[PDB]
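Summary of the model geometry
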Amino acid sequence: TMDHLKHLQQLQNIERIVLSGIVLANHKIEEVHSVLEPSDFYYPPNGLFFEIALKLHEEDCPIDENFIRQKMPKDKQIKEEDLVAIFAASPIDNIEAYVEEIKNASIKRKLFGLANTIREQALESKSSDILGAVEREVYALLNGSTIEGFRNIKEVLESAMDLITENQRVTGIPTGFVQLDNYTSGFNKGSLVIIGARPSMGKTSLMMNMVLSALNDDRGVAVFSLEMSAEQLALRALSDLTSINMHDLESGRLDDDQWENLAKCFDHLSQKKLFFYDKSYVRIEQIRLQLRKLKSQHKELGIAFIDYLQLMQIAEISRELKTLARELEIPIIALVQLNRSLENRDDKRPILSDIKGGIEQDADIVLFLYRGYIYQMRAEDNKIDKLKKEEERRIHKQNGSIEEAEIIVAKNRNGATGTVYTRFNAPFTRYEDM
Amino acid sequence: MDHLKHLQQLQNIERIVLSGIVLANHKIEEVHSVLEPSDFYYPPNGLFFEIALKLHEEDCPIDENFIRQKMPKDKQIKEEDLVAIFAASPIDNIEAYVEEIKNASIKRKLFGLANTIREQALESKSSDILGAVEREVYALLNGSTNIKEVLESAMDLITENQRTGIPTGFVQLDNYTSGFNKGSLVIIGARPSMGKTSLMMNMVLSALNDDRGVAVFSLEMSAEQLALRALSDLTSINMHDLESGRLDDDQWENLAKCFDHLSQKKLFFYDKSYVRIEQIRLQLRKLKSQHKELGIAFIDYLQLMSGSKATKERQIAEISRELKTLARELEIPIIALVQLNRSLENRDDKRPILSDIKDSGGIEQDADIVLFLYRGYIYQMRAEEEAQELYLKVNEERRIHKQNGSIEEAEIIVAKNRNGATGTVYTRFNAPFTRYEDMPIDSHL
């Protein structure tokens, strides 16, 4: 019921297609030639056709029925049935895969030839010689494939320079804090960045502002909330846009002037490139897969965020995440909730090693949230307890509810290590820039 | 011959869908999200579908060629069907058609199940048959069940407040909890003999007075006793008097008066030992199906076992997950009691913390709200010239406390509150009745 080579006549069609696509798009010939060669073709008229195409492109001459019929080599003549059939073919875009597949077919051809060859070669024997022949054939095929190969650096260097000079004519994605961007130099692509903060310090609120920092830069963001639901996460961001306190927004009552700015920021964010996934306690591979999926769906995606990571090993999580960071070529930011052993210490300032099956290392940039007032309060309480054994808030509210906060830049790979002071607003749970 | 009419139509529909995906490569996602290769009646269609998936995953476009070369080379689809697929007239928004084919597949699996159970009766273990019904039911139930997406929920949330939850019983706590919101998983970790079993019942009563059906699951303790505490709190009679049996004219009267009063309330019980998490899920599905009115559930209590051997013999980490699952499933808030590990008292400050709940396979996190019970006096007594000074100063206190009414200061730590506030509430505790008196901040202290 099955006849070999039936697929092959179909395989010819692909060649026809690709050629037609290049007919319509002359520039495509380069990206074709970079992979396929005239000998790589099964059907000869197609291969020689390709040869002619190359000879024409090198002299910067367009490719068409007129240009093709005239520049005939007069050594071999394309059959009329085929000649017309090529141009008659329906034009198709995204032919890159077709090129790859024709390369597959040619590869298969090299396979059938070599496979038969080596056997007969081995038949005669010096079997060691046959082994060496196998090795040489192996190297030949290996070089032939060019799948996940090496070379070459010098080419990509020029483009990497032409990209930075174009912006020189910001290096990465804007953070939101100018203080921080002096050290970070913006969010560079494929860079794994992590923020470890204690609960209720305003971690969840702080993240959203940096999200907005990317949104005004029109860069696609994928958001991952495991523990929390999406709705609230949106609510904080609106709390930061409309400049309205959290409670009034949460309860429901809004006057004439606030619902207006609310609705004004509403569609503003609605049109912004924003995606959500509120499903609880997702696995790392599922993350990799879904990110592959969304990046496949949307090219525009330039950054990713996750809130937040749970303690169970952290090293492999950070590793696969760095892997995906360089894979999708975008900087990934995840939130971590540090261990309680941080507060047992006298100086309650967060340090790199506080989140202890091993300690996390893979992160390129690590940021800590520290509120100078919250730990001052406990020391004052301790001193009071010490005095028994031996109003300030309302003033704070009347000032404008501004407290001193520090964003520790403890880790910066091949950069600077420092601390930046930022004013924190308690009711809006927002970090003011200055 | 209506069956084969449906058959001849379904072949057509499958083909249609396949062709539509041929022209629109991207639709494969929403198809796979619903349908699977086995879901197809006509085998070549399923095979075709499988191949399509394999092509999409390597991000390769879909057409006549891509399929023909990338044949599984285990089986080759007959040409007659293959071409007929392409020949099919493309129609948009086939989501309804997809739904219809899913319908057909559903039916297909159903008939098999029906036959299975039919033949099962020949044996004549009916309990086994019951279990088979339950498992098949679970199978069918499980089989059945971006910005614009979140916008709609954002509307459905505010419309709900315009249209908050189940009352706790304590206004202090309700200031933080904002009542028991539906589908929200709430956990309580308390030390033994603190009056945990006694405390739960008050909140049970708070929901019963809200006329919402409450389901109770007691593994460790018996139902009868659990009711006895509730009557101890209703009739305001000491536990021992109610337990021993002797009651005077005024106590048996108020007793009988509260008896039928509670007897008519929507209350359900399960005192069976060592129920499994899945067994819980099933039983709650059964009771919610039996009674729509039930809005809340309570459990007392699970013990924590850490390691690895704790996964097969029966983990709370995944158990809490399955419980959150069921919480959102029946859309009602679930409350479970937890007995913390002894390492809590090894610490200098015997105040309970979130990480005290360690398990085999991680620390519990899935819980939305976590509450702690702390009695400031019970650890103080045990913690309790200078020695003589103390000896006469504190001996003074003991007889004094007893005559007052055995009222002690108690703290209910609200350590965890999802999208809310973290704080502590002070309430007066009564030792003999083992009851927590409810009182606001302005009235307290």
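Thresholds applied
- Residues numbered from 1 in each chain as written, not as in the entry; some residues may be left out.
- Chains lettered and ligands numbered in written order.
- Part of a larger assembly, values for the part shown.
- Heavy atoms only, no water.
- Residues with missing side-chain atoms left out of burial classes, pairs and counts.
- UniProt positions renumbered as here; feature names shortened; annotations may be inferred.
- Helix = DSSP H or I, 4+ residues; strand = E, 2+ residues; numbered from the N terminus.
- Buried < 20%, exposed > 50% of the residue type's maximum accessible area, 1.4 Å probe, protein only.
- Contact = heavy atoms within 4.5 Å.
- Buried area = accessible area lost by both parts, 1.4 Å probe.
- Salt bridge = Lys/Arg side-chain N within 4 Å of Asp/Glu carboxyl O.
- Polar contact = N/O pair within 3.5 Å; in protein donor to acceptor, adjacent residues only side chain to side chain.
- Nonpolar A, V, L, I, M, F, W, Y, C, P; charged D, E, K, R; others polar.
- Pairing = 2+ DSSP bridges.
- Axes fitted to C-alpha atoms, helices over the stretch in contact; angles between N-to-C directions.

Examining the UniProt feature "binding site: ATP" in chain A
Residues and elements named next belong to chain A. Cross-referencing UniProt, the feature "binding site: ATP" maps to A197, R198, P199, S200, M201, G202, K203 and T204 in the present numbering. As for its placement among the helices and strands, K203 is situated in helix α10 (residues 203–215). For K203, a relative accessible area of 9% puts it in the buried group. The residues touching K203, leaving out its near neighbours within four places in the chain, are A197, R198, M228, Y308, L335, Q337 and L369.

Regarding the interface of chain B and chain A
With 28 residues of chain B in contact, the opposing surface of chain A contributes 29 residues. Taking both partners together, chain B and chain A bury about 2,700 Å²; carbon and sulfur atoms supply 54% of that area. A per-residue breakdown of the area chain B buries against chain A is headed by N65, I147 and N419 of chain B, which together make up 21% of the total. For the pair chain B and chain A, the interface holds one salt bridge. Between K6 of chain A and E79 of chain B there is a salt bridge; the shortest N-O distance is 3.2 Å. If you look at where chain B meets chain A, you find six residue pairs in polar contact. Those elements giving two or more residues to the side of chain B that touches chain A turn out to be α4 (64–69) and α8 (147–162) of chain B. Counting residues per element, the side of chain B that touches chain A draws most heavily on α8 of chain B, at six residues. A class-by-class count of the residues in the side of chain B that touches chain A yields nine nonpolar, ten polar and nine charged.

Structural notes on the sheet that holds strand β8 (residues 369–375) of chain B
Residues and elements named next belong to chain B. Pairing within the open sheet is mixed, and its nine strands lie in the order β3-β2-β4-β5-β1-β8-β9-β10-β11. Single-partner strands in this sheet number two, and they are β3 (267–270) and β11 (435–436). As judged from the seven bridges shared by β8 and strand β9 (residues 407–417), these two strands associate in the antiparallel manner. Within β9, the residue paired with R375 across the bridge is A410.

Structural notes on the UniProt feature "binding site: ATP" in chain B
Residue and element names in this part refer to chain B. Using the residue numbers shown here, the UniProt feature "binding site: ATP" corresponds to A190, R191, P192, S193, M194, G195, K196 and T197. Mapping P192 onto the fold places it in the loop between β1 (185–189) and α10 (196–208). Among the residues examined, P192 registers a relative accessible area of 33% and is labelled partly exposed. Checked against the element boundaries, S193 lands in the loop between β1 and α10.

Looking at the sheet that holds strand β4 (residues 301–309) of chain A
Residues and elements named next belong to chain A. Overall, mixed pairing links the nine strands, which are arranged β3-β2-β4-β5-β1-β6-β7-β8-β9 in an open sheet. Here the strands that pair on one side only, and so sit at the sheet edges, are β3 (274–277) and β9 (430–432). Averaged over all pairs of adjacent strands, the angle between their axes in this sheet comes to 25°, without regard to strand direction. Relative to β9, strand β8 (residues 418–425) runs antiparallel, the two being bridged by three bridges. Paired with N425 across the two strands is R430, which belongs to β9.

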